[PDB]
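Next come the chains, spelled out residue by residue.
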Amino acid sequence: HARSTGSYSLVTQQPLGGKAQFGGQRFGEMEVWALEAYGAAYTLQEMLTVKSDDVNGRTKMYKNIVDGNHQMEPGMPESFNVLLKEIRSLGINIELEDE
Amino acid sequence: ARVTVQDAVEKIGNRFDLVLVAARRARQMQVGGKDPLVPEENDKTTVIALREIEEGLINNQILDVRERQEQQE
Amino acid sequence: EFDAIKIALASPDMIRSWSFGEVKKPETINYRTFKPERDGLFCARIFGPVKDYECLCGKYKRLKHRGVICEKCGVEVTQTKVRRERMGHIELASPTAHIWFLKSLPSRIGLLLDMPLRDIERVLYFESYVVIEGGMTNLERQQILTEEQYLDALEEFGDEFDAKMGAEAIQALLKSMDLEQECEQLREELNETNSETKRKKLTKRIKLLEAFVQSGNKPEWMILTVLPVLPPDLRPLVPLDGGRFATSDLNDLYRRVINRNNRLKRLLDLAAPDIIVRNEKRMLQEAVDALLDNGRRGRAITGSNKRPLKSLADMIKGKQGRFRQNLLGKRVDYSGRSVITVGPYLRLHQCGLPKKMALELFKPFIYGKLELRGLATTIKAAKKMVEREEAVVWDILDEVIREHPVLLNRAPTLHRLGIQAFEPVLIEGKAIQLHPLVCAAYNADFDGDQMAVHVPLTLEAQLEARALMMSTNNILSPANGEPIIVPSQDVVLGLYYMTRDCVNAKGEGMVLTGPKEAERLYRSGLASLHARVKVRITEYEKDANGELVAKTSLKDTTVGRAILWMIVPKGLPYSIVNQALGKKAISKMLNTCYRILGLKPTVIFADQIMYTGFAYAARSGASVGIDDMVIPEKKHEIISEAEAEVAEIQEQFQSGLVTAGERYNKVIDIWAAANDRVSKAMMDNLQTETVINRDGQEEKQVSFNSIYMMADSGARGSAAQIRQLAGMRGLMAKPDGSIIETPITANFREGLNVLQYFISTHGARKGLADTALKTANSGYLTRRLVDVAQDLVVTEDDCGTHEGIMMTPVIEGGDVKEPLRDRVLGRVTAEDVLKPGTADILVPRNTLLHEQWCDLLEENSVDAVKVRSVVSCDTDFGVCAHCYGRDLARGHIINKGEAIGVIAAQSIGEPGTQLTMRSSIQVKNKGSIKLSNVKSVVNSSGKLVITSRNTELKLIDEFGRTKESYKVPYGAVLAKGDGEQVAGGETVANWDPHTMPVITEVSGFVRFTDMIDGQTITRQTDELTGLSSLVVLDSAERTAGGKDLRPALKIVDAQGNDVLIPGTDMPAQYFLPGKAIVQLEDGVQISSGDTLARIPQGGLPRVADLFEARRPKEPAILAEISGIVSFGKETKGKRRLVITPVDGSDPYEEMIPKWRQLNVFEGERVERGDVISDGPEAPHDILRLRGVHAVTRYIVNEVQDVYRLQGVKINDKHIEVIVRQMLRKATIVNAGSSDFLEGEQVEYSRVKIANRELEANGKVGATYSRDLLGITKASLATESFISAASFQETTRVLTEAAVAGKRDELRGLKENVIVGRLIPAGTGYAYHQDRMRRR
DNA sequence: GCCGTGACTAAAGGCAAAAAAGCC
RNA sequence: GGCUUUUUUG
DNA sequence: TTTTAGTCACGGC
Ligand SMILES: [Mg+2]
Ligand SMILES: [Zn+2]
Ligand SMILES: [Zn+2]
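## Quick notes on the overall build of chain C
Argument step 1. Along chain C, the regular secondary structure elements total 44 helices and 51 strands.
Argument step 2. Dimensions of chain C, computed from the C-alpha atoms along their principal axes, are close to 120 × 110 × 80 Å.
Argument step 3. Expressed as a percentage of the 1335 residues in chain C, the buried residues total 47%.
Argument step 4. Positive and negative charge centroids in chain C, built from 180 and 179 side chains respectively, lie 7 Å apart.

## What about a negative patch on the surface?
All names here are of chain C.
Argument step 1. Taken together, the side chains of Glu127, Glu147, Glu148, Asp152, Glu155 and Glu156 define an acidic patch exposed on the protein surface.
Argument step 2. Tracing the backbone shows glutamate 148 in helix α5 (residues 147-157).
Argument step 3. A relative accessible area of 52% places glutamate 148 in the exposed class.

## Here we look at the coordination of the magnesium ion (ligand 1)
Argument step 1. Note on the magnesium ion (ligand 1): its protein donors are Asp445 of chain C (OD), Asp445 of chain C (OD), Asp447 of chain C (OD) and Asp449 of chain C (OD). The metal-donor distances range over 2.1 to 2.8 Å.
Argument step 2. Counting gaps between the donor residues of the magnesium ion (ligand 1) yields the pattern D-x1-D-x1-D.

## What about the sheet that holds strand β35 (residues 972-974) of chain C?
All names here are of chain C.
Argument step 1. Pairing is antiparallel across the open sheet formed by 3 strands, whose spatial order is β32-β33-β35. Only two strands of the sheet have a single partner each, and these edge strands are β32 (936-938) and β35. The average undirected angle you get between the axes of adjacent strands in this sheet is 30°.
Argument step 2. Sheet topology places β32 next to strand β33 (residues 944-946); 3 bridges connect them, and they run antiparallel. Paired with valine 938 across the bridge in β33 is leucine 944.

## Section: the UniProt feature "binding site: Zn(2+) 2" (unreviewed entry) in chain C
All names here are of chain C.
Argument step 1. The positions UniProt marks with the feature "binding site: Zn(2+) 2" (unreviewed entry) are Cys799, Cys873, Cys880 and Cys883. Their sequence span is 85 residues, while the largest C-alpha to C-alpha distance among them is just 7.8 Å; these annotated residues converge on one region.
Argument step 2. One can find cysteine 873 in the loop between β28 (865-867) and β29 (879-880).
Argument step 3. Judged by relative accessible area, which is 4%, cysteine 873 ranks as buried.
Argument step 4. Apart from residues lying up to four places away in sequence, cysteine 873 is in contact with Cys799, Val879, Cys880, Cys883 and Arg1220.
Argument step 5. In this fold, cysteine 880 is placed in strand β29.
Argument step 6. Take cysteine 880: its relative accessible area is 0%, and that puts it in the buried class.

## Regarding the protein's contact with DNA strand F
All names here are of chain C.
Argument step 1. Surveying the vicinity of DNA strand F reveals the residues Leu105, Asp1105, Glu1108, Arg1110 and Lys1273.
Argument step 2. Within 4 Å of the protein, the contacting atoms of DNA strand F are drawn from sugar and phosphate to the extent of 100%.
Argument step 3. In the model, a sugar or linking oxygen of DNA strand F is placed 2.9 Å from a nitrogen or oxygen of the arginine 1110 side chain.
Argument step 4. Here the residues of the surface near DNA strand F are counted per class, giving 1 nonpolar, no polar and 4 charged.

## Remarks on the protein's contact with RNA strand E
Argument step 1. All residues adjacent to RNA strand E are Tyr8, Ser9 and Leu16 of chain A together with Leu240, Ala246, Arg307, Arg410, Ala411, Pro412, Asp445, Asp447 and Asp449 of chain C.
Argument step 2. Put simply, 67% of the atoms of RNA strand E that lie within 4 Å of the protein are in sugar or phosphate.
Argument step 3. In this structure, a sugar or linking oxygen belonging to RNA strand E sits 3.2 Å away from a side-chain N or O atom of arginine 410 of chain C.
Argument step 4. In this structure, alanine 411 of chain C approaches RNA strand E through a main-chain N or O atom, which is 3.3 Å from a base nitrogen.
Argument step 5. Broken down by class, the residue content of the surface near RNA strand E amounts to 6 nonpolar, 1 polar and 5 charged.

## Examining helix α18 (residues 459-469) of chain C
Given 3.6 residues per turn, any residue in an α-helix points the same way as the ones three and four places further on.
Argument step 1. α18 of chain C sits mainly inside the fold: 11 of its 11 residues count as buried.
Argument step 2. Looking at α18 of chain C, one finds that the buried residues are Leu459, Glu460, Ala461, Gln462, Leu463, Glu464, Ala465, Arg466, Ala467, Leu468 and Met469 of chain C.

## Structural notes on the interface of chain B and chain A
Argument step 1. Across the boundary between the two partners, chain B contributes 5 residues, which contact 6 residues of chain A.
Argument step 2. At the junction of chain B with chain A, the criterion picks out 1 residue pair in polar contact.
Argument step 3. Here the residues of the side of chain B that touches chain A sort into 3 nonpolar, 1 polar and 1 charged.

## Focus on the nonpolar core
Residue and element names in this part refer to chain C.
Argument step 1. Core analysis: the biggest nonpolar cluster contains 172 residues, and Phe362, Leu408, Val865 and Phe1107 have the highest contact counts within it.
Argument step 2. Here this core gets 7 residues from one element, more than from any other, and that element is helix α37 (residues 1188-1205).
Argument step 3. If you look at the next biggest cluster of nonpolar residues, it comprises 89 residues, including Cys43, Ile120, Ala1298 and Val1299.

## Thoughts on the interface of chain C and chain A
Argument step 1. With 102 residues of chain C at the interface, the matching set in chain A holds 73 residues.
Argument step 2. Between chain C and chain A the total buried area reaches about 8500 Å² when both faces are included, carbon and sulfur atoms providing 61% of it.
Argument step 3. Ranking the residues of chain C by area buried against chain A places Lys330, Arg331 and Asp333 of chain C at the top, with a combined share of 10%.
Argument step 4. Linking chain C to chain A there are 3 salt bridges.
Argument step 5. Residue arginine 1303 of chain C is joined to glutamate 97 of chain A by a salt bridge in which the shortest nitrogen-to-oxygen separation is 2.7 Å.
Argument step 6. On inspection of chain C and its partner chain A, the count reaches 39 residue pairs in polar contact.
Argument step 7. The dominant element in the side of chain C that touches chain A, judged by the number of residues it contributes, is α18 of chain C, at 7 residues.
Argument step 8. Class assignment for the residues of the side of chain C that touches chain A results in 60 nonpolar, 20 polar and 22 charged.
Argument step 9. By the bridge criterion, 5 bridges tie strand β3 (residues 92-96) of chain A to strand β1 (residues 5-9) of chain C in an arrangement that is antiparallel. Opposite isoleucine 94 of chain A, over in β1 of chain C, you have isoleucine 7 of chain C as the bridge partner.

## Section: the sheet that holds strand β49 (residues 1241-1243) of chain C
Residue and element names in this part refer to chain C.
Argument step 1. Judged by pairing direction, the sheet is antiparallel, and its 3 strands sit side by side in the order β49-β48-β50 without closing on themselves. Of all strands in the sheet, those with a lone pairing partner are β49 and β50 (1265-1267), marking the two edges. Pairs of neighbouring strands in the sheet enclose a mean axial angle of 45°, with direction left out of account.
Argument step 2. For strand β48 (residues 1225-1227) and β49, the ladder comprises 3 bridges, and the chain directions are antiparallel. Looking at the pairing, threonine 1227 lines up with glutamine 1241 of β49.

## Focus: the coordination of the zinc ion (ligand 3)
Residues and elements named next belong to chain C.
Argument step 1. Only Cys799 (SG), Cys873 (SG), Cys880 (SG) and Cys883 (SG) from the protein reach the zinc ion (ligand 3) as donors, at distances of 2.3 Å.
Argument step 2. Around the zinc ion (ligand 3), the 4 donor atoms are arranged such that angles at the metal cover 103 to 113°; this shape is classified as tetrahedral.
Argument step 3. Binding-site remark: the zinc ion (ligand 3) is held by donors from one chain whose sequence spacing is C-x73-C-x6-C-x2-C. Of the two residues, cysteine 799 is situated in the loop between β20 (794-796) and β21 (805-807) and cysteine 880 in strand β29; the sequence distance between them amounts to 81 residues.

Reading the values: the criteria
- Residues numbered from 1 in each chain as written, not as in the entry; some residues may be left out.
- Chains lettered and ligands numbered in written order.
- Part of a larger assembly, values for the part shown.
- Heavy atoms only, no water.
- Helix = DSSP H or I, 4+ residues; strand = E, 2+ residues; numbered from the N terminus.
- Buried < 20%, exposed > 50% of the residue type's maximum accessible area, 1.4 Å probe, protein only.
- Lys, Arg positive; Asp, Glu negative; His and termini not counted.
- Charge placed at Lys NZ, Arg CZ, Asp CG, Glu CD.
- Patch = residues over 30% accessible without salt bridge, like charges linked within 9 Å, V, L, I, M, F, W, Y side chains within 5 Å.
- Areas by Shrake-Rupley, 256 points an atom, 1.4 Å probe, with all protein chains shown as cover.
- Salt bridge = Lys/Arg side-chain N within 4 Å of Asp/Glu carboxyl O.
- Donors = N, O, S within 2.8 Å, 3.2 Å for Na, K, Ca; no water.
- Pairing = 2+ DSSP bridges.
- Axes fitted to C-alpha atoms, helices over the stretch in contact; angles between N-to-C directions.
- UniProt positions renumbered as here; feature names shortened; annotations may be inferred.
- Contact = heavy atoms within 4.5 Å.
- Near = heavy atom within 4 Å.
- Polar contact = N/O pair within 3.5 Å; in protein donor to acceptor, adjacent residues only side chain to side chain.
- Nonpolar A, V, L, I, M, F, W, Y, C, P; charged D, E, K, R; others polar.
- Core = buried A, V, L, I, M, F, W, Y, C linked by side-chain atoms within 4.5 Å.
- Buried area = accessible area lost by both parts, 1.4 Å probe.
- Tetrahedral: all angles 85-135°; square planar, octahedral: opposite > 155°, others 65-115°.

Take a look at the structure:
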């Protein structure tokens, strides 16, 4: 099985799972720890933002590669905003702060 | 044609600074202009830069001074 | 973009500001057309348009209408993605209590209102009244009434007192309750009352009140009045195949809540009777409770599936929740998965990648090159050209995979070597070809394993892969210096067959020009692969100042070793490749190269080793046959003899001379001895063979048997397997654990009958079940080790502190488990090491000890070296480079920004799979006698008797080091003296194990005083022995008036006065405890220190409970403060003990169960942290008594003992790091001049920085006491709430953080992973330092 | 009546993969 | 296209 | 089911 770009989920905007749906391999928390054990931070930023769920950061990443450039933009993952709304859907107020 | 980075790691303090300076040099060489200082052998940009580091002709302060000189224009 | 994440309670005004409309109708969609309803749970007016730039009615569309509110439909024209952002609100007709704050583990409402949670639920459930305003009546503010109580009291007092019902009553009570005032009288009462049980409650209440006052929160916000509505797109109504629609569990709960609210609104406005109003309000409360968190109260409401529905709280908590499924680990693109096979033609830095997988993975890169060269103008043409699979596309793909690494990954990835970078090679097939040498790191076998490949995209990621991840850079374990490129199995057999001489072979005794000729002979067939020859070899040694010097000699060796010498690099000597080169030797060879020639020669040599081993293992043709398993000929005879033995005991058991248990033990011992003899005979038969030499005489040589070659070389198997293939399988155990009396006498080479094969499956099923159920437990532990120590990153070069821990070799009473060299290698000394010769500095302070210094340490025979440790570091929010020591993976000092906590956690947790779920003292060898802290005196007979508790036996050789260490009880017996050089095999210490002596102190005449006959002590003449003697009775016959009479035997000299011992004249009275029998009589001479009376009386779960520091079931009672032991009033349930300091006050009092063992007496002086009872040692007690520097050595010793028993090598500095995370808290005992409460717990770093920067000014600091917490508790009690909320107990953590108004400033690694930024470790450390420096 | 003890209640207990179903 | 229950591989 | 911990109610002198 292999996948470059396929169809994405509906709520978290992450790639689907399984061979039938042309999904990508899950990059679990153990692999996150393995990357943290190295000095790898840019690779982790890639796997978390520009390959999985940064909607505004992966469309530009595809355009950069076809243009010959190899550079990312950190963006902001869309799997964390939803969480905020979820916690904001309760009586709890969780918010970000100033620059 | 690069199988290890021992020479580059020895040339600079630690591996992380080597990664950062090599990334800066490779981006300078790749996005626009900045022809290599070493004869390439059909190598990728990330490899030509690393050799430049092991030759001792590129490090953090050299890149800084060249960038300052070019921005002074 | 954002500095930090702040959490606080939402306000009704704030909730109204969040929303963009009011949700009024339960209808979701029209369910006739495909259009959402109006003012529903999916309303377009509230949240947004369904389509992009398209209003509901279609009046306004396109970009020209952007930002224009359409009047016909009422929906603003904008992009549809806002449906994931905007929210709605529901105006509850009646106030509703939030479930969370009501029923967390500590009830927030209960603590705030000082009310038990039992009656609060009754009030909220409309089954009991509560007084709101007592007024001037006989009722209290917090008093609770029932239905009959309220009606009866209503008429008596009229309207003077006000009582309400339910959540409205709770809101009214909270709103009319002051905060600062209540805090004031709580503080005033705290200073007055003295109750330890009440003190913690008072501290909790005042802390909560201060947190509420300090934050902007108010109690009335804790009761919901307006309920926010989650956006539609996050709970989508996706259409499925058919008329039915796919709806989530959340929509049903929302519909239930809105329907109940509408019913209550319509019913309340019609002036309905209060009978129905109360029930409807309670039902609305239950519905909101189900929506917010389903199942906490009781029976969870279920749908048609009869399964509990998913609520908001359950959607976050758990393994399927957002935190552990979509934030920490997420699915990625540019990734593939396949089966791995073996490719022996690859280099160490390359892997095989199938053409189809490569073309699918590198699709975007190919498009860039394809359009760059003009082969395709538009992107569509490029896509069409790629799918058609032209010929130039293959050349382009070959071009774009020149030096583009890919990340190979195997799940589970237990350690950091489970993800490795490679340079792919385009191959056919559909399997990922993997280099054999890395298989040890991956823990992978080619029997169906699957691995996943990822692709770095940016330049930084590719460079990071090449410089940090690529397999040529990862050849040393992070847990220890041992390599991970050790050849095994096939290679080891080939190199063992190559380098193994035979006494007679083809072409023996000839002399060769050099190694090159040896290859021409073997290929030509003129000489066997291993014949003893004489060759000339040029070897290069680096004995100069890093310069190679040639050296020629004639060596007596074999053709195989000479051939192998052609691949070893320059620096190595010839003595390396002259032995048999088993598995353990070959690895050492590689290690030697890494010690001398660096990294590139090492990897080249490893590849050459693999190639040569594979080639000369293929050429050997080694095979296993049924004739290669030689059965010893004596075996059956031995078995018969063994049978005869049991044939005796079965008779002797029938004659009554042998009982059941001893017969069992005798049979087990006999069968074990027979099995051992059979194994020894089989090994002797197998390991040798007969062969005729050149002269014609029979000469013995080591055998060439194939099974012995695989067993001896270390390629596969061990002694046990070979024993089970030829010798008898041995004794087998029952599932419970009992050993079967009859062993399995048949090896696998011959048949096993039905009965033996059945009893041989008891062990196999047990092992399989343990293996199946141990993976779940071990991995969990790893998580609890990673989350506690995720945020420990090296941030300093040298903290400049002299504190350290004393590191000495460990001795358990036998051979030394670990030499001092390994426990100190790769560390730095806290202070200069002093030679035994005075004032000589062997080691300068703050110097890294490497192998070269360690060898110098060994030749000097150093005894003990003090070194720094992470637990002793004073750096705030991190650990400096020097205290950690040396980076084991690389070999140099640790670099700034390296995340060491995750490395330590993985190193500890990875070997957890190998663990399992289920008289006299004798000297071994020659050595002197040394006793540390000894106080021995010469008795009447002249022997040495010891009266010191902490006496340690020591064995000193001609060098000075110690090999053995033994502990002895009071009144020890020594056959020698101190400082003597005695020989081995000598018994010096001997004592009675099972009876405790009542030995005297000094020689003298024993006198009997206060001897009461008739009720206290009577002359019991036992008919069993018929001897009359003084006997102390039990506590049954005697009463409180007789038990208080303590029989004191005052030790006196010949003059009858108190003993004139050096220093004190206090009488040495010896109180006789219960059940004491006196054997001696009056007038019988007592030897010095002679007895007066003989008074009578685990693997992985162990590691998990040790790291958690779980309380043992029977803790050992120890001392509390140094001084003199004193007693007092007794029989107060337990026994009293009081310790009096020299000058300090002694108000301390504690109780000890008098019915348990007591190892201390009144006439003794005890030191702080000394054992009193016996049993397991609790970690908290040893922390509070012996200090922090002792608990950091007990836990390390215990866990290292476990791992070493299970045969696993882990460096000690990995366990210390974890300990540094358990000691992160501190309890404040005295407020002092600081601003800390006298009973609270604060971060140790916080209290240290507050103290260290305040005492520097014109003020004085405060005191504190470090406390030990389990990893589970220490991970939940952190400064950040995101990190703790992602681990466990999300509901509790979120509420506790919201009520206190905490803020998370994102300093950890996990909390930067979640938000999507570079972690502050490794390559991201430099970037974050610049960010911090700017701000 | 206050510190000690027993009873009542909540959280937690691998990682990846596939193949089926059946419901909503 | 989400959930649940089985079966199997490592 | 088992383990563990936190919290409410009871107990004995
Ligand atoms: Mg396998
Ligand atoms: Zn419209
Ligand atoms: Zn330090």
